[PDB]
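Presented below, as structure tokens, is a lone chain in the form deposited in one PDB entry.
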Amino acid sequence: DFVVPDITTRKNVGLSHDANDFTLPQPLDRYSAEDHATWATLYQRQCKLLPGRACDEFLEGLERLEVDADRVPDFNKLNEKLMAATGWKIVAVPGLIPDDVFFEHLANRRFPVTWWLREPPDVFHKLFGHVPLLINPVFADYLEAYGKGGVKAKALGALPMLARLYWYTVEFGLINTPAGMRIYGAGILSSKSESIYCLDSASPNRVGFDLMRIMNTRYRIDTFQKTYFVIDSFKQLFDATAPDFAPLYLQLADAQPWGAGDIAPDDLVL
């Protein structure tokens, strides 16, 4: 029955965005005291739960970028540190943006960050979850290479195959370490409960990273992942982008995808 405006619409009232690249100056005046307090609450919650769960590089990135514990960060201030580390910067966007625009940003070492915050894929998820690893030069190079692939993928109708790769790496990836399994996916790192389940539960599959397998795997957004893909190094991700994806897309185009909860005959199951 009744339809009401969504959070993206409400938050962006009176604001504008580039019609081509979808950026805007970060609207600092729009963050209320409640927003800063919500940020602080989420930050404190995650920083209590993540030690021994997040990969070490993630927690180090928070500190090296001086990500504010007590307020929504000033993007420009964060950029001074990020630019010096890896030549990356974050740019504010209104919310969900078109894929070609998103890929063009990453291809140019710009990471789009939704500016607004949830009330008590918002700025907490996109900044706290996604940005700290951009100080890692190997991970940053993986994201740049990913972005550069957007033109080819769009031309071939293969953007959803790249979306699966992004989902199962950047958003929901795990990294194995001698100290045990750790988390690098931003969607897990900003989550209250998925960081617990993804390491502690016997329920989800933990499967070794395989590029073709992943690009042939469905995902859903409404639920905890049924399968997590595990890398041994960020180098594995960057190296996965080396070959020509065009013949991989065409091979996959006619295949039946793996379901979100499937185990494939060739999986290294961890």
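Quick note: we count residues from 1 along the sequence shown, nothing fancier.
The discussion below concerns the form solved in complex with a small molecule, not included here.
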query	finding
The small molecule in the bound PDB entry: contacting segment from 98-106, 68-76, 177-185, 193-201, heavy atom within 4.5 Å	98-106
Partner proximity in the bound PDB entry: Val93 to the small molecule, non-hydrogen atom cutoff 4.5 Å	yes
The small molecule contact at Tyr146 in the bound PDB entry, heavy atom, 4.5 Å	yes
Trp116: touches the small molecule in the bound PDB entry, heavy atom cutoff 4.5 angstroms	no
Distance check, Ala163 to the small molecule in the bound PDB entry, heavy atom within 4.5 Å	yes
